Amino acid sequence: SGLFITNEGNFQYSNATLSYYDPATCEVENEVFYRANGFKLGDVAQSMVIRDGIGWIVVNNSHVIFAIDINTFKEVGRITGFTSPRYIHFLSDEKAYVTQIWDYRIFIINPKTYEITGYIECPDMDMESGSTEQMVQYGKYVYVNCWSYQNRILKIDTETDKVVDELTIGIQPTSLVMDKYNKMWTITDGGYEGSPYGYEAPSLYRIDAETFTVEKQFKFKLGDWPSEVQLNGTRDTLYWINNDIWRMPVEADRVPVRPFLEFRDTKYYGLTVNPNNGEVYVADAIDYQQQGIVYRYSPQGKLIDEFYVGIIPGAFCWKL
């Protein structure tokens, strides 16, 4: 088994990289895409998904998704022409969605043929400030958060590839997961000081998937800049970043008083939970300039291992 770490590098400097970690040996290999291919990913490696032996790496500011063999790391294909891609969600072997920033459309692709095959137009959205981000599936529907300069979750009918509903919440929901009770969780970042769109106290929401209604809202503090909801494998413990790493049972009616991992005046930036053994990996960007570090914790918050990765490690992908 193994773990991929994407490193965004510094936006507009083309220093994104890919790392691979073997939890059995506690060994990391850095710059593995370069090592295998003899050229680099580009600018802002954002996310990665594995399906059927192929890893799909989204390079947000290089207009491309690379497909690699998960064992040799060699490029086996790519899809180009994306405005500014974010996340990939597969509906079948021949259809996936690829969300975008700076676009009002979600690209449809055929992963088998490496082609763009359609577009989904989002309502009340333009290229100048458009954003679609993470996706969860609920039956024939996909829910998607709209992050940058947006304040919505959209609901897409995957039969017709159409947006069929929307829910307005606090500004800039960052991320989206679905728990075992078919409740979605999203956490907003609250914008930023001087934003043209807004700056506010951010919130964590629990949203019923069936009825698309907010059930819980936990509001934090003005100045907080949270992100990155994540679930354990059984989808009953939620983790997120808000300075510290926090977690709580998805049945909770109150937020925790003690964090999983205390803030240490660095930059916790990426987060995953091993879906089989519950170990928690925290990617620390440190100061957004130096080489980042990943910290690996037991389910009880004891440090098992830590290892240097690339610059601004932001996402993980499990190879199971």
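Numbers follow the displayed sequence, beginning with 1.
Asks: Which of the two stretches, 39 to 47 or 257 to 265, shows the higher mean Cα temperature factor in the record?
Replies: Of 257 to 265 and 39 to 47, the stretch with the higher C-alpha B-factor average is 257 to 265.
Asks: So among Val136, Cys146, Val229, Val164, who wins on Cα B-factor in the entry?
Replies: The record points to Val164.
Asks: What's the residue among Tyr87, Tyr181, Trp185, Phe82 with the greatest CA temperature factor in the PDB record?
Replies: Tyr181 has the highest C-alpha B-factor of those listed.
Asks: Give the position of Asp52 by CA B-factor within its chain, expressed as the lowest, middle or highest third.
Replies: Within its chain, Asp52 is a highest-third residue by C-alpha B-factor, going by the deposited values.
Asks: Sorting the chain's modelled residues by C-alpha B-factor, tell me whether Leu204 ends up in the lowest, middle or highest third.
Replies: Middle third, going by the recorded CA B-factors of the chain.
Asks: Just say lowest, middle or highest third for the CA B-factor of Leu271 relative to the other modelled residues in its chain.
Replies: Lowest third of the chain for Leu271's C-alpha B-factor.
Asks: By its CA B factor, does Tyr197 count among the lowest, middle or highest third of the modelled residues in the chain?
Replies: For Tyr197, whose C-alpha B-factor we compare with every modelled residue in the chain, the answer is the highest third.
Asks: Select lowest, middle or highest to describe the third in which the CA B-factor of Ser298 falls within its chain in this entry.
Replies: For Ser298, whose C-alpha B-factor we compare with every modelled residue in the chain, the answer is the middle third.
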